[PDB]
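>>> following this: a sequence and the matching experimental structure.
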Amino acid sequence: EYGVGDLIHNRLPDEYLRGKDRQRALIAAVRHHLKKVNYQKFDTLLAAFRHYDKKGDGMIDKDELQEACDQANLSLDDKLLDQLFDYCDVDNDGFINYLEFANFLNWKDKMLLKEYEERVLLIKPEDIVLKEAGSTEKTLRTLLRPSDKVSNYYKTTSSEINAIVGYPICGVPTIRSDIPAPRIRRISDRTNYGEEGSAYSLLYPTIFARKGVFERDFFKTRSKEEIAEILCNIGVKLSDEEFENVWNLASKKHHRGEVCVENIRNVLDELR
Amino acid sequence: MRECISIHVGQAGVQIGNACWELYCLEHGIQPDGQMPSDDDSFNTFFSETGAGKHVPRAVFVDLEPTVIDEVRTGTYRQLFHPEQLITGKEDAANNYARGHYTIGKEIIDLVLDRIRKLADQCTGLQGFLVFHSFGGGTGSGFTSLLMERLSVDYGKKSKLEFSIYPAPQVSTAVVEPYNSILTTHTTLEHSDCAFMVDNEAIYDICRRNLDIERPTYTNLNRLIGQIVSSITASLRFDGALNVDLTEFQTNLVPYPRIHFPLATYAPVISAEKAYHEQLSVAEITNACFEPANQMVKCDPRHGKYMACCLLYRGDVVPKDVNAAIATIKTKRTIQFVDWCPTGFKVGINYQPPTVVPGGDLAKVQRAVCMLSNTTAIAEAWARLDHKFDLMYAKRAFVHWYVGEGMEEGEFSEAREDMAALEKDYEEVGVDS
Amino acid sequence: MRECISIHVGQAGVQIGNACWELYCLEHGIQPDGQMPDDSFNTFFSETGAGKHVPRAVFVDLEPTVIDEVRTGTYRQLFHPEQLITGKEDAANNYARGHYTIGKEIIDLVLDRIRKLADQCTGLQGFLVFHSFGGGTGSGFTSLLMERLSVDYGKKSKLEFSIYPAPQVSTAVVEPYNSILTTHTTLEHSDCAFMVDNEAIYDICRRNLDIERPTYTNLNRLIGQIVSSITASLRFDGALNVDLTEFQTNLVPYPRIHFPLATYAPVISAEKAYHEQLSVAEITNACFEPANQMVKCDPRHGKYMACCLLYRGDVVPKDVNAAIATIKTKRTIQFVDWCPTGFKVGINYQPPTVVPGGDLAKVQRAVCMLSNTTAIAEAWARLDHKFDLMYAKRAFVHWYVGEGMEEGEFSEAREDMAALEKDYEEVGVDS
Amino acid sequence: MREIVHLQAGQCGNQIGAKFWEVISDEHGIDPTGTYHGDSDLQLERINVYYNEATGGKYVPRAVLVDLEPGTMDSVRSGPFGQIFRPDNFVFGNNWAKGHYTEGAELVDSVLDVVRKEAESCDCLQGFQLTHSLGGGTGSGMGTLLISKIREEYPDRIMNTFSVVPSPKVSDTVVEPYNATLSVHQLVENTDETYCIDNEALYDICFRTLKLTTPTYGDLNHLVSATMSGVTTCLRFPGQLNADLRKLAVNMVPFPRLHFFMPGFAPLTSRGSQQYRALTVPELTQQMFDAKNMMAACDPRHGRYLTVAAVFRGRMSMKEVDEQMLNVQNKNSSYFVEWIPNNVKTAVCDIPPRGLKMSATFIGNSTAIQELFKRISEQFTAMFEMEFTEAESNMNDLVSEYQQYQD
Ligand SMILES: Nc1nc2c(ncn2[C@@H]2O[C@H](COP(=O)(O)OP(=O)(O)OP(=O)(O)O)[C@@H](O)[C@H]2O)c(=O)[nH]1
Ligand SMILES: Nc1nc2c(ncn2[C@@H]2O[C@H](COP(=O)(O)OP(=O)(O)OP(=O)(O)O)[C@@H](O)[C@H]2O)c(=O)[nH]1
Ligand SMILES: Nc1nc2c(ncn2[C@@H]2O[C@H](COP(=O)(O)OP(=O)(O)O)[C@@H](O)[C@H]2O)c(=O)[nH]1
Ligand SMILES: [Mg+2]
Ligand SMILES: [Mg+2]
């Protein structure tokens, strides 16, 4: 009922191949005989298709196939012709088209497609392919039986998994800029939050470093009256309108942590 | 100006190079088509610029079997390699040293030296060689045996740097691998300068207990080996605090001309979920190289003694943390150094952090270190291989396949006595005063 | 800069240690994910640069079903994924299985974690090993765990928290056998070991907390508050801060007498304390009261050697002096004549916190006691009688000798515990 | 690049070869007409191994069908895939004397001319494969003659013969020990790989593990042809660890007189238990080292294994395979020899067969076939002019060499 091949290849119960070898041999024999007769008689595949389609509807039917085999000197049973027709019609629309006629009833590679064949619709624009890679000659597409779809069946592991065409960082940085510096440092505290600056700065200090003003005091934000009295005591005398312009520029330079002392000095240096 | 050449021979050497060359494309941002994006002196070691802007790698892919090199020829990297550097033959070597060296290996090497001659002419400065293969295979043993003796005659005193697959003590894929390993290292002793060693069974347990990969595949193995070789040459392509040239870690790693087989160790290898929990500092990743679990060659370093080490770092590290971590190690009583090398640690620092491969199993960490160790513990590793040789040769098994091509029986006896001399050389050097 | 390493062995140690880490996370305001929404957390947590915190804990057990609820439960994200070590086929209440056959398989992995946790350490104070005497895994594995930590770490402190086998209530048949073997090896490989028993906690949960049906979830909440009180002098500031080595010296008069009894006060409900006033001079009176003792023994039968009072919260040193000097004038509370001073006081600033769903109340001040008495001589005299009756007919011995143990080590532990009994009588008599 | 020439001798060899051609044709997506139909380019990357491209993309087998009777020739021609063959490669004309001296002495000129033509038309030929049986007059007398002539003409090539071996219970001929004893004389001297097939083991595999009620001869031949395709898939399909026929031979032939091999197919399962059993590498290893999966009437528990190899098909890891081989060699330590370490060989191909996710093919070189040789010797001696005595002498030499290498 099932043989050993169905068990080996895990084939579905609808597609058991026990008891059909004789009919497969008969279908193959009639198929090859029809292909040989077509190549021996008709030099043009379109001419062969037009000879096979007597009614002129663009389709091949079962009665037309009976008449064609009678012309081609084959005595076929009705069951055999129905099975061969079902083999030929992959799309299951009840009709034999140009593509599967040229792929199952005729040699599609011996007769090269020509300009008149392309001009004469029976074919689709997707039905034309190159004959072979890097060649100007064009042929027909190869319709595939549902048994022979193997694209997901065969895949290489190494090259296809390796094929790569060219999340946040995890660990601890050397300088802990993410953690804010504590207000008072413990004697056991040793980790660098970034305030310990350059050896040049420690060796030859600027006046702020000499007198206790550092990057924290530079980057700390202040209030409006505080900046006003700082500027007034410096002696850079500004009117209220240009003071508000400087405030707006310092706010626009960086929205978060706005109007810091370095931003105000940068705005003043840019305007002057 | 500093430029190096890479040769991939056999299936094991080529298949690593598929994973190896894509890591160089990811690090420098080169597309597989062969050009940089439209939107530099760091790529000149491994790539050469053409006139149109296309970048061409310096690699020669030689194998006597067409079934593996044609996978590259039809793969996703067909638009990158030179079509004449992809050399192929027919009917392989069949795990035989006789076919890779005496009969089939002589129809190819005239074309092979033609390619190496052309790449050396385009090189402003040549620094070393990089040959990748395996000891067990016939092509990996036969073909690289006659390859140095043409190249070392052609180029006199250029460094030669292998990365070869050690046969594992327990698992093996062939039966004549004890035969093919002996005949290879008879010839590399006087023709190479440093031949690094990795094996398969040690990397399998790395993927099990660190990455939690219960089913490791050869794709996973070759990515991890590809990260070591990209970290060895990282001081030739980028800028760093302590740059290490090929010639200057050859002097520090070879104390005697016949003791030149160091082991490669990489750290840290962890998955994605452990790196969030674990805190990886400078002092821990350097102590992640010395435990008995995390050597990439199946041997016990506690039995032997270390001779010379090379700790090549990457990423955000500072030299104070490195030197303080080294002096911690020397006071530990587990690690034993020989008394005739008081200073055995060499360190290299690079500014470029490791690059994670998308879709891979390795995590991305700010820093990583590659450890190269010259140790006496691999003498017992070679003792098991000689014991594998003795029981197979005692009845002249697997010999008539070897002598049917032109090889004589007397080479087997004269290679065995070379290896007994090599094992006693490790006994001579480890005995202290 | 001061931090400790906590190991949790056995089902009793882990389930208590499960209850400990909700209390520890709520002390420092860290979610069970392990990220905060100040170096107090440095004692128990190691910070990762992403903002995460990892506890300094190693959960080890030979059963999978007791650690798999940690990997599945709401504290999955907290611990290291490979710090949770898992065995198979347990020890089945066999001291020989957890020490000779199955305990030797994983100890190399167990001590590897201790090396890696102590390398990140910059200064270590001691260990906190949680186990129980009755079980095979909690006794057999802890014995080999402790003997190799003495040869690895020279003079580092080691504090055990053991579940003492109660006189009347018990779950195991070979439970007297395990405790005799446990003491013989631990007597020379430890510094302090504090015990509680299941029987005394049951009655304290009844007459004080008004719980008619206590369960093992509620017992570990009270035990975790005691171990939170011991460590709190390291994490938080206070008037009198005690180090782990300070009361390691102050509680052990002789090298074999190192088995104190740890009790807590006040443990009462939220409805009861609303009526009562709690002061410094009255919480310590409940400490010496015999119905509040955490071990099922009679304090009046024995004489005290030394006491340690660890106050927490809003207390003043003047109130303690009136409290301590009151006790020394009383009669039946008896102190040995060779130890004139017998008290140590610890004052801390942060009051105890309450967990959600808990049964303890929010009191301004709370006190934990550590007492070293001679009363436990009868507690061991009873256990040797339980050990002798079953060993007289050689019952349950053929299971222990099947895994590698010999018949002689059952005998050799007996006179060692007999030597332990007469040591109390040697120092209990006045001179 | 590498090519194999196929030869079909005897009726049984013709049927097995026809089933082989069907199996590899629908594995490579070949229409019985001769056109290619398949979604995968890997079917057409390597088609010159077994097939020759005719004009217009038609592909024809590289096989020669040789027989002394027209009935089997007409049966193969009228079979399911019979029209694909070359109409000139059908060469036709129960006694070993008839097959080797009287009637087969004249057809071999026409046989060797076509074989030499097909060898000359090949680019770089790799080897020969011949399918026959040791118990038939035609399949022995013509088979040994063709082996001798091909080995005389082509010294440095690899040759694989697939021989159906006599059975003690299912035998249907009386001159069966005579033909076997007369054929092993040539099969021991001019052969690089012999493959033993037993129809009794085929029947027992169809009965026990697969639960067939009426096993047909075609169903017996399908299981052999599956192993025939599985042993040579590494020459046609890319793999993670490739090993061709010479790589198999160098590894698996320790001495030139020990090259008779027992094969196996390893994913076998019936329809009833297909849902109940899952298929992965460890239970594939269990099925392939299972003794009831063996292809001959030889029991591996009696003797010892010299060299065993496994070729796998499909998407699988390698660490699992290495652990499986190391573990099975460790558990069965007395069943492998001690003077040869690492008795196991692994090859893995990246392509599984038709309708299955993965597959495993077993091939073994063990001492167990010495009983298979001794039973034929004992059957021959009771029924038993100088060449018969010399053949019995060399069978005795063969079993003596097996015994002295086993012990
Ligand atoms: N790391 C790694 N090793 C491999 C890979 N493929 C093969 N090997 C190793 O290669 C060793 C034997 O060499 P072969 O695989 O036969 O390849 P070869 O060296 O070219 O020899 P031939 O195939 O006979 O030409 C095996 O033992 C494997 O360990 C791979 O993809 N990755
Ligand atoms: N206080 C307290 N004691 C517990 C708890 N769980 C178990 N115990 C005690 O543990 C004793 C027995 O130990 P087990 O819980 O079985 O664990 P173990 O010591 O490792 O012994 P095994 O299960 O055989 O491995 C019991 O007698 C209980 O008194 C708990 O949650 N809280
Ligand atoms: N597998 C298989 N074996 C067969 C078949 N037909 C015959 N045999 C075996 O072949 C042996 C007889 O060989 P025979 O046909 O006389 O060889 P010939 O005379 O050269 O054709 C018998 O023992 C059968 O077991 C078949 O269709 N399939
Ligand atoms: Mg190869
Ligand atoms: Mg338990």
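Thanks, I have the structure now. Residues are numbered from 1 along each chain as shown, chains lettered A, B, ... in the order given. Ligands and ions are numbered 1, 2, ... in the order given.

>>> which residues in the chain form strands?
As the question left the chain open, I've gone with chain A. Here chain A has its strands, by DSSP state E, at A:128-130, A:138-140.

>>> my bad, the chain I had in mind was chain D
With strands called from DSSP E, chain D shows them at D:3-9, D:51-53, D:59-61, D:63-67, D:90-92, D:125-133, D:158-165, D:193-198, D:239-241, D:260-265, D:305-314, D:344-349, D:358-366.

>>> try the stretch 1-150 of chain B
B:3-9, B:47-49, B:55-57, B:59-63, B:86-88, B:126-134 (DSSP state E, counting those that start in this stretch).

>>> which one of those strands lies nearest to chain D?
Nearest to chain D, of all the strands of the stretch 1-150 of chain B, is strand B:86-88, at 8.8 Å by Cβ to the nearest Cβ. From N, CA and C alone the C-beta is placed, and that goes for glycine too.

>>> the closest one pairs with which strands, parallel or anti?
The pairing partners recorded for strand B:86-88 under DSSP bridges are strand B:59-63 (parallel).

>>> one step back: closest one to residue C:426 among the strands of chain D?
Closest approach to residue C:426 among these (Cβ to Cβ): strand D:344-349, 69.6 Å.

>>> angle of that closest one against strand D:358-366?
Angle, strand D:344-349 to strand D:358-366, by axes from the mean of the first three to the mean of the last three Cα atoms, to 10 degrees: 150 degrees.

>>> CA atoms only for strand D:344-349 - export them in CSV, please.
Presented in CSV, the C-alpha positions along strand D:344-349 are these (Å, rounded to 0.1, in the frame of the first residue of the first chain):
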residue,chain,number,x,y,z
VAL,D,344,35.3,6.4,13.8
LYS,D,345,35.1,8.8,10.8
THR,D,346,32.6,11.6,10.4
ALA,D,347,31.6,13.4,7.2
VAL,D,348,28.7,15.9,7.1
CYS,D,349,27.0,17.3,4.0
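
>>> tell me the buried residues in stretch A:75-84?
Neighbour counts over stretch A:75-84 (16 or more other Cβ atoms under 10 Å in any protein chain shown) mark A:76, A:80, A:81, A:83, A:84 as buried.

>>> my bad, stretch D:252-267
Neighbour counts using 16+ other Cβ under 10 Å place D:252-254, D:258-267 of stretch D:252-267 among the buried residues.

>>> which stretches in chain D count as helices?
Counting by DSSP state H, one finds helices in chain D at the ranges D:11-27, D:42-45, D:70-77, D:96-97, D:104-120, D:137-153, D:176-187, D:199-207, D:217-232, D:245-252, D:281-288, D:319-331, D:369-383, D:386-406.

>>> can you lay out these as JSON lines showing distance to chain B?
As requested, the helices of chain D are exported to JSON lines (distance: least, Cβ to the nearest Cβ, whole Å):
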{"stretch": "helix D:11-27", "distance to chain B": "17"}
{"stretch": "helix D:42-45", "distance to chain B": "8"}
{"stretch": "helix D:70-77", "distance to chain B": "31"}
{"stretch": "helix D:96-97", "distance to chain B": "31"}
{"stretch": "helix D:104-120", "distance to chain B": "15"}
{"stretch": "helix D:137-153", "distance to chain B": "15"}
{"stretch": "helix D:176-187", "distance to chain B": "19"}
{"stretch": "helix D:199-207", "distance to chain B": "26"}
{"stretch": "helix D:217-232", "distance to chain B": "13"}
{"stretch": "helix D:245-252", "distance to chain B": "4"}
{"stretch": "helix D:281-288", "distance to chain B": "9"}
{"stretch": "helix D:319-331", "distance to chain B": "4"}
{"stretch": "helix D:369-383", "distance to chain B": "19"}
{"stretch": "helix D:386-406", "distance to chain B": "9"}
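
>>> ok, residue D:387 - contacts?
When contacts are counted by Cβ atoms under 8 Å, 6 or more residues apart in numbering or on different chains, residue D:387 touches D:182, D:185.

>>> do you know how far it is from ligand 4?
According to Cβ to the ion, to the nearest Å, residue D:387 stands 44 Å off from ligand 4.

>>> gap between that residue and residue D:101?
Residue D:387 sits 11 Å away from residue D:101, taking Cβ to Cβ, to the nearest Å as the criterion.

>>> what about residue B:348, which SS state?
strand (DSSP: H, G, I helix; E, B strand; the rest coil).

>>> need the contact list for it.
Taking Cβ under 8 Å, 6+ apart, one finds B:235, B:240, B:242, B:243, B:244, B:249, B:310, B:311, B:312, B:313 in contact with residue B:348.

>>> which residues does it bridge with?
For residue B:348, the beta-bridge partners are residue B:312 (DSSP bridges).

>>> from residue A:42, how far out is it?
Residue B:348 is 77 Å from residue A:42, by Cβ to Cβ.

>>> in CSV, list the buried residues of stretch A:75-84 along with distance to ligand 5.
CSV is the format used below for the buried residues of stretch A:75-84 (distance: Cβ to the ion, whole Å):
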residue, distance to ligand 5
A:76, 80
A:80, 75
A:81, 77
A:83, 70
A:84, 74
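
>>> how about the strands of chain D, which one is nearest residue D:325?
Per Cβ to Cβ, nearest to residue D:325 of the strands of chain D: strand D:344-349, 4.2 Å.

>>> and the closest one, what does it pack against?
With contacts defined as 3 or more Cβ pairs under 8 Å, 6 or more residues apart in numbering or on different chains; DSSP states H and E, strand D:344-349 has these neighbours: strand D:239-241, strand D:305-314, helix D:319-331.

>>> so which of these gets nearest residue B:303?
Closest to residue B:303 of the helices and strands packed on strand D:344-349, according to Cβ to Cβ: helix D:319-331, at 23.2 Å.

>>> may I have the closest one exported as PDB, CA atoms only?
The C-alpha coordinates for helix D:319-331 follow below in PDB (Å, rounded to 0.1, in the frame of the first residue of the first chain):
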ATOM      1  CA  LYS D 319      30.000  19.100  18.300                       C
ATOM      2  CA  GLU D 320      27.000  16.800  18.700                       C
ATOM      3  CA  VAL D 321      28.500  14.400  16.200                       C
ATOM      4  CA  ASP D 322      31.900  14.400  17.800                       C
ATOM      5  CA  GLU D 323      30.400  13.800  21.300                       C
ATOM      6  CA  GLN D 324      28.200  11.100  19.800                       C
ATOM      7  CA  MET D 325      31.100   9.200  18.300                       C
ATOM      8  CA  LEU D 326      33.400   9.700  21.300                       C
ATOM      9  CA  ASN D 327      30.700   8.500  23.700                       C
ATOM     10  CA  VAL D 328      29.700   5.500  21.600                       C
ATOM     11  CA  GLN D 329      33.300   4.500  21.300                       C
ATOM     12  CA  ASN D 330      33.800   4.900  25.000                       C
ATOM     13  CA  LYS D 331      30.700   2.800  26.000                       C
END
